[PDB]
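In the block that follows, a single chain appears as C-alpha cells, in the form deposited in one PDB entry.
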C-alpha cells in the first residue's frame, strides 16, 4: 500500500528511490499508480506551452507555467529551451556552423562528458535521406558527427526485444524479452506490451546499462518514461537534471519517442503523412540541443541518436491464414503478424501434433509468403532458439506480409521480420567530444552498442554478445584495447607412423617430402592457423592443395584451409575414383573413421572438406580422398555441398580475384550457439562413434582491394561466411526438386553468418596473423554479408 496523501512538493521527477508506504513523484509513478495526489498538478504543468515568445521575455516568474522566460530561469534550470534565442539574441543550435569538438568543453564540476541516448521508435534507416529539408537538427548531428548508413536490429524486429538488446548487449534468447508478447511455460504466465505483468522483474535478464552504471557508482537518469508525459517535458526534465548540483547530477540519460513508429503503422513508411512526425522529432532534438547550448553543454555531452527497428509496407490484403493450411486452428495459439510462433491453445495439450502441423505448412502454395521452422533450424545468425519462451514452431514471414490464424484497413506499415531485411534496418548517429568528426562507419549490429556506451561512461561491461573493440573506429578516444585470446590446445605434427597394412577400415580406392609443411602454409593458411580455445587433441596435416587441423577426438578436421586462384581450373572425379577413400598413414587407425560405417548406414553418406574438384593436379587429387578429409553428409546435404564445392567456390575465386576458404563442422545439438562438448552430441554414423555435425561452415576471405590477388593482399580483407544446416532433407527449399542452380545459392544466402558466429560455435579463433590491427580484425569478424 502506498499513501497517496503525501505531496510532490519540491519532489518532481526526483531521482531518489522511494518505496511504500511513501508515495512517488518520479517519471514512473503513474505507471505504478503510486503518485502523490498532487503529482499531475505540481509536476506536469502545461500552462502557456513549451516556447518563449517575445512577450514573455523578462517576465515575473509564474510557477504555474510549463517552462519559464523570466530573468532567473537560467539559474533555476527551467527556461523554455528557446529562451535565449527569443530573449537574449542567441541562435538556435542548428543554425550554428559545425565545428570539430576535439576535447570535451564542459563547465566547472563536470568530470566526464555526460551521455544522452536519444531513442526513436520505428525510425527506418532510409528516413535519414529526407535530410535537412525535413530534419535539420538530426541532419547536423549526422553530417557533423559519426554515422552509419544503418544499424542492424535483432530478431524479431519489434520494440521490446530491441530496446532491451540496446540496453544489455544481449540477444533476446539471452536477455529473455524474446517478443513484445510471450508465454513462459514455467511461470505459466503471459507478458504483454500493455498490461501489468511486464513490471515483474522475473522476465528481465542480463544487466541493463542503468544497473551496470549504478553498480559501478555512476548515476543514471531514468530509462523509462510514462506514456502520459509529453516529449517536451521529458526534454525539460533531462535538462533540469543536468542543472543539478555536482553531487546529484546523473552521468547518463535516455530519451524515448514512440514516433515515427506510430505514424509508420498507420500510413506506411513511404506515406506523405510521414513528413509531419519526422519534423516533430527533429523539433524535439532541436529543443534538446538548444537547451544544452543554453547550459553550455553542447560541446560537452555525447549524444547517441538511435532507432530500435525499421518499418515496411504491410497491408490487410497481404495476409496468409493458417486456416487455409490446417484443419483446426481454433486449437492453437499463434503469435501473429510479421512473425509466427505457434503453441497449443491449451498449454501442454497432449493432442498437439507439431510434425503434422509443420508438414501441412511446408511448401503448400507456389507463392507461399512464410516458411515454417523448428527453432533449431532457423538461420544461426538470428540467435533465436535458446530460451524456453521461444516456441518450438516458428514461422519466418516474407517481408510485406502478415500471417494470421484465420480470417475472423487502418494500417499500412509493420515490422518484425528477419533482421537482415532492408526495410527493418534502423539508425545510428553519435555526436560529441568522444565520437569522431564528419565520419561514416560501416553498418553494425545493435548488440555492439552496450560495450561502447560502457566505454563512453568509463564502465566495465557485464558479459554480453558484442565483440568489444569491434566498434573502436567510431571513437576519437575511450577506445577499448582488446587482447588476443590465448590458445589452449597446441597441435601435433604427425609424420608417417603407420603402413597401409595397419588399417582395417573398410575403405577402398580402385586406383593408386610428401605432406611436409613448406610451402603449404604460406599458400593455404593466409591469416595464421586458427587458435583452438578449448582442451582437445588434434593434428596439423599438410597437403599440396590444402591444410587442416584434424581432431583425434571428433575424427575429422576442426577446420580445412585452402586457397583458390582466380585462374584455377575445375576438374572431375574420375570414374574409377568415385568411391575412393584412402587411409592416412599419418594418423592412427584408432583415430580414423571407417568406411564400413558409411557402407552400412542406409541414410548417411559422406563428403569432403577440400573438394577433389579443385585439385591442382591429377596426382594431387589423391589427397582429397584421404579419410582425414572426409565428413558425414546426408545425400540431401550433399546436393548443396557438391554444388558449393564444384560451382560456387570457383565462381567466388573468379569474381573476387581468388579466395581463401576455411571450411569445417559445427556441433550445436542444444542450439545455444556455442561449441558442443562431447556429452552434448546426440547423433553418430550408424554403428560407429563418428559424430554428425549439425552444420557445416565456410569462411571465404579475399582482398578488399579486388585488384590484388587474395594470396598477395597488402591491405584490408573482404569476408563472407556461411553456417549451413546439416539436414536429412531439403524441405526448407521449396524449389529443390529442380536443378541445384535454381535453389542452392538462395539457401546459402539465408544462412549467411559472421565469422564471430562460427567462432562461438567452434571454439576457434581466426585471423590471428595479419598485417591489420586487432580492432580492424574484430570489425571484420562481426561483418555479415546480407545479400540485400
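So that the term is clear: the rigid core is the largest set of C-alpha atoms that superpose within 1.5 Å between two forms. Numbering follows the first chain given and starts at 1.
Q: State whether residue 101, though modelled here, is left unmodelled in a third or more of the other entries compared.
A: In all of the other entries, residue 101 has coordinates.
Q: Do at least a third of the other entries of this protein fail to model residue 488?
A: No, modelled in all of them.
Q: Taking residue 408 and residue 409 as adjacent modelled residues, how many residues of the deposited sequence between them have no coordinates (none, 1 to 3, 4 to 9, 10 or more)?
A: Count of unmodelled residues in between: 4 to 9.
Q: Look at the stretch from residue 512 to residue 513 and count the residues of the deposited sequence that the entry does not model, then pick none, 1 to 3, 4 to 9, or 10 or more.
A: In the record, 4 to 9 residues between residue 512 and residue 513 lack coordinates.
Q: Taking the mean of the C-alpha B-factors per stretch from the entry, tell me the winner out of 600-608 and 391-399.
A: Of 391-399 and 600-608, the stretch with the higher C-alpha B-factor average is 600-608.
Q: Can you tell me whether 641-649 has a higher mean C-alpha B factor than 177-185 in this record, or the other way round?
A: The stretch with the larger average C-alpha B-factor is 641-649.
Q: Looking at 719, 42, 724, 744, which has the highest Cα B-factor in the entry?
A: 42 has the highest C-alpha B-factor of those listed.
Q: Highest Cα B-factor in the PDB entry belongs to which of 304, 577, 361, 281?
A: In the PDB entry, the greatest C-alpha B-factor among 304, 577, 361, 281 is found at 577.
Q: Ranked by Cα temperature factor within the chain, is residue 729 in the lowest third, the middle third or the highest third?
A: CA B-factor rank for residue 729: middle third.
Q: In terms of the chain's CA B-factor thirds, is residue 71 lowest, middle or highest?
A: For residue 71, whose C-alpha B-factor we compare with every modelled residue in the chain, the answer is the highest third.
Q: Compare the C-alpha B factor of residue 249 with those of the other modelled residues in its chain, then answer lowest, middle or highest third.
A: Tercile = middle for this residue's CA B-factor.
Q: Going by the CA temperature factor in the PDB record, which third of the chain does residue 786 belong to: lowest, middle or highest?
A: Middle third by C-alpha B-factor.
Q: State the tercile, meaning the lowest, middle or highest third, of residue 155 with respect to the CA B-factors recorded for its chain.
A: Lowest third, going by the recorded CA B-factors of the chain.
Unshown form deposited in another entry; subsequent notes refer to it.
Q: Just one of 349, 276, 143, 492 has a C-alpha that shifts by 2 Å or more between the shown form and the other one on a rigid core fit; which is it?
A: One residue passes the 2 Å cut-off, namely 349.
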